[PDB]
Amino acid sequence: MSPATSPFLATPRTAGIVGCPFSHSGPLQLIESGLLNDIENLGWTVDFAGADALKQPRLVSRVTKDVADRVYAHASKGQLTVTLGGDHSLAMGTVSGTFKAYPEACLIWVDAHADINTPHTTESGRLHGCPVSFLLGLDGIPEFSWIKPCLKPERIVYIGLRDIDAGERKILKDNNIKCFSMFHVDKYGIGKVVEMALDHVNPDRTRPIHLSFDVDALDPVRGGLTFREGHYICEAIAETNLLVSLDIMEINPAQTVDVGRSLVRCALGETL
């Protein structure tokens with residue numbers, strides 16, 4: 001079973017907030033929308049640097065390193081780091097910092113896309129579908145030196161997959177990565193899916209959890225997670241007390257701000 005209280009966090013509960021608008025204005029809108037106050041109402045103390053805190057590989061590395069550092073700063077302090085993102089490639093940074101601080105963490109990746117392409121399978125070229133390939137370590141080394149492969153393939157699980165967008169269906173099977181696609185969600189229901197996901201990466205419920213949630217996995221033809229399912233993922237993870245890092249990615253400014261806000265509150269311990 002899971003611990004009655006978090007074995008990782010700092011005794012004065014602190015939410016670290018890092019926004020990175022790389023791709024939009026969604027992280028700023030969410031911040032404008034009362035997210036900070038919501039978090040505080042739940043008994044959390046907020047560490048936010050203020051609303052100024054927020055191929056093309058040359059620049060994709062810079063920003064992700066920036067994120068990797070800020071995330072670790074919060075991570076190395078017992079905070080739960082909430083990364084408010086644009087692009088999911090930013091998970092290169094968020095996961096680096098988190099695993100830097102928690103080498104024994106596991107990663108739950110919620111997205112319609114596997115984002116697992118090597119630069120040798122990319123074809124598109126946008127670093128958007130490559131971040132997992134660097135974290136798993138098969139890069140190809142060049143101007144991505146700060147990245148150490150901090151993620152074993154048995155430590156990642158995917159929920160919500162539908163279009164393999166730069167996330168090769170061969171790469172996934174070669175490295176034996178557990179994937180729960182929309183077919184499996186339909187089949188089993190999100191209830192059983194989340195439990196199987198937890199049992200795969202975290203069977204003894206003793207590993208810190210990194211929940212990297214991309215809002216593109218959601219829906220308002222109608223083939224993504226419902227809002228309720230995206231919410232249950234956040235609740236179910238929350239009930240374990242194992243969560244140390246939360247990404248809310250690709251927010252994109254209509255009521256996807258209110259959705260992002262709801263999932264944050266939920267992930268942080270709004271049980272209701």
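Quick note: residue numbers are just sequence positions, from 1.
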Worksheet entry | Atom of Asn117, atom of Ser133 and distance for their closest heavy-atom approach | O-OG, 2.8 Å
Discussion item. Would you say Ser2 and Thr240 are linked by a side-chain donor-acceptor pair, where the criterion is simply a distance under 3.5 Å?
Written reply: no
Discussion item. Can a donor-acceptor pair be found, under 3.5 Å and without considering hydrogens, that links the side chain of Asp214 to the backbone of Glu250?
Written reply: no
Worksheet item: Is a side-chain N or O of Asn37 found less than 3.5 angstrom from the main chain of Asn41, in a donor-acceptor match?
Response: no
Worksheet item: Is a donor on one side and an acceptor on the other found under 3.5 Å between the side chain of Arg207 and the backbone of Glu104?
Response: yes
Worksheet item: Are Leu242 and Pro3 side-chain neighbours, meaning at least one heavy-atom pair lies under 4.5 Å?
Response: yes
Fill in: Electrostatic pair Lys178-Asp199, nearest N-O below 4.0 angstrom
no
Practice prompt. For side-chain hydrogen bond (donor to acceptor under 3.5 Å, both in side chains), just list the numbers for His113 and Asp216, CA-CA rounded to whole Å, side-chain angles, deciding distance to a tenth of an Å, and then say yes or no.
Written response: CA-CA 9 Å; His113 313 305; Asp216 90 344; 3.2 Å; yes
Worksheet entry | Under 3.5 Å: donor-acceptor pair, side chain of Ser33, backbone of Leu30 | yes
Practice prompt. State plainly whether one hydrophobic cluster holds both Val18 and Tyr72, where clusters connect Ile, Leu, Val, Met, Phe, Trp and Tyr through side-chain heavy atoms under 4.5 angstrom apart.
Written response: no
Item to complete: Check step by step if side-chain contact (heavy atoms from CB on, under 4.5 Å) holds for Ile209 and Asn202.
Response: CA-CA 8 Å; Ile209 280 162; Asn202 211 343; 3.7 Å; yes
Item to complete: Verify, without hydrogens or angle tests, whether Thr64 (side chain) and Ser61 (backbone) share a donor-acceptor contact under 3.5 angstrom.
Response: yes
For residues 190-197, run the donor-acceptor check on the side chains, cut-off 3.5 Å, and write out each pair with its distance to 0.1 Å, sequence neighbours left out.
none

Worksheet item: Looking at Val82, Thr81, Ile17, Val244, which one forms a side chain to side chain contact (heavy atoms under 4.5 Å, CB included) with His74?
Response: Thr81
Item to complete: Locate the shortest heavy-atom distance separating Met249 from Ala91; write the atom from each residue and the value.
Response: CE-N, 3.7 Å
Fill in: Side chain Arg155, main chain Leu107, donor-acceptor under 3.5 Å
no
Worksheet item: What class does the angle between the rings of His184 and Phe180 fall in, given that below 30° is parallel, 30 to 60° is tilted and above 60° is perpendicular?
Response: perpendicular
Worksheet item: Hey, does the side chain of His24 reach the backbone of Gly85 with a donor-acceptor pair shorter than 3.5 angstrom?
Response: yes
Worksheet item: Backbone N or O of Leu28 within a donor-acceptor pair of the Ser25 side chain at under 3.5 Å?
Response: no
Worksheet item: Can you check side-chain contact (heavy atoms from CB on, under 4.5 Å) on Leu9 and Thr14, steps first, answer last?
Response: CA-CA 8 Å; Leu9 264 18; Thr14 315; over 6 Å; no
Practice prompt. Please name the pair of heavy atoms, one in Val67 and one in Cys20, separated by the smallest distance, quoted to 0.1 Å.
Written response: CG2-CB, 4.0 Å
Worksheet item: Can you name the salt bridge (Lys or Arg N to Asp or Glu O under 4.0 Å) partners of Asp47, sequence neighbours left out?
Response: none
Worksheet item: Between the side chains of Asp87 and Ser89, does any donor sit under 3.5 Å from an acceptor?
Response: yes
Discussion item. Measuring from atom CD1 of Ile164 to atom CZ of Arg169, what distance do you get when rounded to the nearest 0.5 angstrom?
Written reply: 7.0 Å
Worksheet item: Does some side-chain heavy atom of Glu154 sit less than 4.5 Å from a side-chain heavy atom of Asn176?
Response: no
Worksheet item: When you check the gap from the basic side-chain N to the acidic O, do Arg126 and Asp165 get nearer than 4.0 Å?
Response: yes
Worksheet, complete the sentence: One should read off an interatomic distance between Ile159 CD1 and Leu225 CG, to the nearest 0.5 angstrom, of 8.5 Å
Response to the item:
Rounded to the nearest 0.5 Å, the CD atom of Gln29 sits from the CG atom of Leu84 at a distance of 12.5 Å
Item to complete: Could you check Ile116 against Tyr158 for side-chain contact (heavy atoms from CB on, under 4.5 Å), going step by step and ending with a plain yes or no?
Response: CA-CA 11 Å; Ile116 209 164; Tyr158 286 101; 3.8 Å; yes
Worksheet item: Is the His88 to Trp109 ring centre distance short of 6.0 Å?
Response: yes
Worksheet item: Any side-chain heavy atom of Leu135 sitting closer than 4.5 Å to one from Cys150?
Response: yes
Fill in: Criterion side-chain contact (heavy atoms from CB on, under 4.5 Å) on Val60 and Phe22, from CA distance to verdict
CA-CA 9 Å; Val60 167; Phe22 195 65; 4.1 Å; yes
Discussion item. Whether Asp66 and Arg70 form a salt bridge (side-chain N of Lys/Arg under 4.0 Å from carboxylate O of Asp/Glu) is what I want to check.
Written reply: yes
Fill in: Side-chain heavy atoms of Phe48 within contact of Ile31, under 4.5 Å
yes
Item to complete: Would you check if there is a donor-acceptor pair between the side chains of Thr94 and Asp247 at a distance under 3.5 Å?
Response: yes
Discussion item. Using 0.5 Å steps for rounding, measure from the CG atom of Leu35 to the CZ atom of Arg261.
Written reply: 7.5 Å
Worksheet item: So if you build clusters from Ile, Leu, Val, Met, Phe, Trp, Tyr with side-chain heavy-atom gaps below 4.5 Å, do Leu172 and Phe183 land together?
Response: no
Worksheet item: For the residue pair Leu268 and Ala15, what are the closest heavy atoms and their distance?
Response: CD2-CB, 4.0 Å
Worksheet item: Which value, rounded to the nearest 0.5 Å, describes the distance between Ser212 atom OG and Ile108 atom CD1?
Response: 10.5 Å
Item to complete: Would you indicate whether the side-chain heavy atoms of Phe8 and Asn241 approach each other to under 4.5 Å?
Response: no
Practice prompt. Could you tell me whether a side-chain N or O of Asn175 sits under 3.5 Å from a main-chain N or O of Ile171, the two making a donor and an acceptor?
Written response: yes
Response to the item:
Closest non-hydrogen contact found for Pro119 with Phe134 is CG-CZ, 4.0 Å
Worksheet item: Taking side chain as C-beta onward, heavy atoms only, is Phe227 less than 4.5 Å from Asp219?
Response: no
Worksheet entry | Nearest-0.5 Å distance that lies between atom CG in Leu90 and atom NE2 in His128 | 9.0 Å
Fill in: Exercise: identify the closest heavy-atom pair between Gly26 and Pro253
N-CD, 3.7 Å
